[PDB]
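There is one chain below, alone, in structure tokens, taken in the form deposited in one PDB entry.
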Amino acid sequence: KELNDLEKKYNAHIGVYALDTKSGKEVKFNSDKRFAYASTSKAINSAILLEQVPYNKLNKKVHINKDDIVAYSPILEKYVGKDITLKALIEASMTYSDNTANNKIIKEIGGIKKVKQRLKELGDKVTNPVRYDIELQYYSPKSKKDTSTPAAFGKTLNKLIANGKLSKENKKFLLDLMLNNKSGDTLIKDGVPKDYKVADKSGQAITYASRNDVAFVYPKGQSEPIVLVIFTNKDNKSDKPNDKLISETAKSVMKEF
């Protein structure tokens, strides 16, 4: 459970921010250090869009052409020359971490500039989106591009989703995708007590074993979630991450609640 110890064990860097939204209790570790957020940013973009389009209006369709397609888009590559609903874009983004879906969501919101405008409004002067996928995944310790600190990122997740302006239907739609997202099973989901519910979105940048998971964690018996942000990376560009590191970090942090 000592986070200093797990860093030793895994020869890795750990960034943690956790907020029990009922009590307001926080757990912090390297919470002001920058990390590539990678695909965990898809949760933020999806929520921003859901602030803008009511659930009954998610049936709106967007046209997809060959220029929209970027790598690791298992769902969207099938839509070239076809239309897709905003509902299906978000499902593709959240469940399959589809990059083309996330890019389209950012475009629908109005561009990177508009995401930045919303983050500043939520009081986040830290989270720094500069590029679209997949380029945002090329992390470099020397650059702040597409990085955030566990604390800044968690505060924004809390304001946007936990204590924010989404309707009951849009919040349920988005948290249900995160709850049912099986791609996040080896991460926070793996380290919390088995009777906990975990709604997560993972991330992995291409470099420095940048491996992350953010989630809304519900202790059995509590309906208010604990917002949990875990960002990790290692010293070498080509290092492979070990998901167990995130699992063990979550197990340790959750003992604090």
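Only residues modelled in both forms are compared. Note that residue numbering begins at 1 and tracks the sequence as displayed. The term rigid core refers to the most C-alpha atoms you can superpose between the two forms while keeping them within 1.5 Å.
Omitted here: the form deposited in another entry. The next part is about that form.
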- Only one of 205, 43, 228, 50 shifts its Cα by 2 Å or more between this form and the one not shown once the rigid core is superposed, namely 205
- Query: Hey, does residue 25 budge by 2 Å or more at the Cα between this form and the one not shown once the core is superposed?
  - Reply: no
- Your call: residue 198 and residue 210 CA atoms, closer or farther in the other form versus the shown structure, by 3 Å or more? closer
- Item | Direction of C-alpha distance change in the other form, residue 204 to residue 181 (at least 3 Å) | closer
- Which residue ranges, three or more long, have every Cα moving by 2 Å or more between this form and the one not shown relative to the rigid core? 204 to 210, 235 to 241
